[PDB]
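This document opens with one chain alone, in structure tokens, the form deposited in one PDB entry.
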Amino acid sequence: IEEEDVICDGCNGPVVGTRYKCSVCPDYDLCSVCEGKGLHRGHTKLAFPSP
């Protein structure tokens, strides 16, 4: 099966459960562990469910 997946831009792990996305940039995603690191500082990240 070949499918589109959401991959964490902080650690390359799967983004499952809560998905953090940049409020400004398209195609930016963090898992909940990496969001706690504060990555992509300067842009607010938004909490969403994951696909």
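So that the term is clear: the rigid core is the largest set of C-alpha atoms that superpose within 1.5 Å between two forms. Start at 1 and count along the sequence shown; that's the residue number.
In summary, of the stretches 21-29 and 6-14, 21-29 shows the greater Cα distance from the shown form in 5 other deposited structures of this protein, with structures fitted on the rigid core. Compared with the other modelled residues of the chain, the Cα B-factor recorded for residue 10 ranks in the lowest third. In the PDB entry, residue 30 places in the lowest third of its chain by CA B-factor. In this PDB entry, residue 16 carries a Cα temperature factor that places it within the highest third of its chain's modelled residues. Per-chain ranking of the deposited C-alpha B factor places residue 39 in the middle third.
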